[PDB]
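Before any questions on binding or motion, here is one chain by itself as structure tokens, the form deposited in one PDB entry.
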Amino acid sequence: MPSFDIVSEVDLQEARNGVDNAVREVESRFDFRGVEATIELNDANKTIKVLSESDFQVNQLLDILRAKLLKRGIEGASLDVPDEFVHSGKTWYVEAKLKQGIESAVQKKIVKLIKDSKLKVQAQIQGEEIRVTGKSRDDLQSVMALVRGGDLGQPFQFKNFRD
């Protein structure tokens, strides 16, 4: 039976290179002299810790980070930054999450879209991915259009086409 997988991939090496490029930008900027200002990627979690000495400095670092990630093909919708930072002593910091995979709350919205379509297809959650199967390749095409047009908050890719 024809099938494809819905995924959301953030390449580790592109993120490492973006973070490294962002760090280089920070160390070359005179306004960060004598300021602690760090951008650190956790490879295992695909999370980025951003820390400095004020709310505005954290936001300046996030702007640098978003621009460097964008040049690497990692679009802004793929970086989930909390609404509020952590303030602790003289430091402010935040964890920016790379949107690797499809979280539970987004998976349920995709599943609802597919059931609402009434197309004769079935969706099965598989870890951070979703497999979609159906007798009609045209219906599978329509599911892809529904997902890419669903305004679900992150880019998706479609892979593992089987027939």
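The term rigid core refers to the maximal set of C-alpha atoms that superpose within 1.5 Å between the two forms. We number the residues from 1 along the sequence you see.
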Item to complete: Averaging the C-alpha B factors as listed in the entry, name the stretch that ends up higher: 47-55 or 31-39.
Response: 31-39
Worksheet item: What stretch has the higher average Cα B-factor here, 140-148 or 16-24?
Response: 16-24
Worksheet entry | Out of 107, 124, 60, 100, residue topping the C-alpha B-factor column of the entry | 124
Worksheet item: Looking at the C-alpha B-factor of residue 135, is it in the lowest, middle or highest third of its chain?
Response: middle
Worksheet item: Taking the entry's C-alpha B-factors for this chain, is residue 119 in the lowest, middle or highest third?
Response: highest
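Missing here is the form deposited in another entry; even so, the following discussion is about that form.
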Worksheet, complete the sentence: The mover among 55, 103, 40, 27 between this form and the one not shown, judged by a CA shift of 2 Å or more on the rigid core, is 103
Worksheet entry | C-alpha of residue 122 off by 2 Å or more between this form and the one not shown on rigid core | no
